[PDB]
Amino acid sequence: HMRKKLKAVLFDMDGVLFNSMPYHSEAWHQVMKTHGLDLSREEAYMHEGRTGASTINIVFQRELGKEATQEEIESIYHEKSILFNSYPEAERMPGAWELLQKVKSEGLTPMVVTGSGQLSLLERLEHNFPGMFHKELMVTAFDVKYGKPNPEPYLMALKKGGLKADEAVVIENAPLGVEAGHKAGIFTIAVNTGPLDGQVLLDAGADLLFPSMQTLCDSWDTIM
């Protein structure tokens, strides 16, 4: 019955639309090294979904026992962007385009809800997923004060789309993201695209779990 109440599907970008997480984790790891801090690739994955600013500050708290200054945030963030974009551009997660076609064909509105401030990725959405997304139906780092795992971004999305929590579904791949969608009170589907135990996504409050975007796409008509 939830099924025909649906009006919008809310996608995270990294690890859901683009296969960028290998790169994000590498870039975080490396830029932290340069600044003289230990952030493993694995921990970088655990931070997926946060804004850059929130990530940097938390790493500073866990490692040095203090806040990062505003200048430290901008400086590390700029460098992280350089490192990220110095890799061959991230490609589409297999299945993402085909699922978006299924979503659109069912008359549903695609939205992006992301902690990303990476303009290279944000501006590539249209080129990769043509006709799917619009700026006014997106939430990015630029919109939020807190970001995931706070529900704030997902609540902003509902409002931007003029939706009620029961008129939406969230597609997330990372625990902080699942958590934010869940706390926004939205039915949340986890897709385990990363190197994580699918359990951690269930623990974060995911209503359904899939191993890949392809599997999710294949089972889209089964979902209720």
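One rule holds for the numbers: they count along the sequence shown, beginning at 1.
For the pair 211-219 and 7-15, the record assigns the higher mean C-alpha temperature factor to 211-219. Between the stretches 57-65 and 169-177, it is 57-65 that shows the larger average CA temperature factor. Between the residues 78, 135, 145, 148, the entry's highest C-alpha temperature factor is the one at 135. Comparing C-alpha B-factors across 183, 164, 160, 50 in the deposited entry, the largest value falls on 164. Sort the modelled residues of the chain by CA B factor and residue 123 lands in the middle third. For residue 85, the recorded CA temperature factor ranks within the middle third of the chain's modelled residues.
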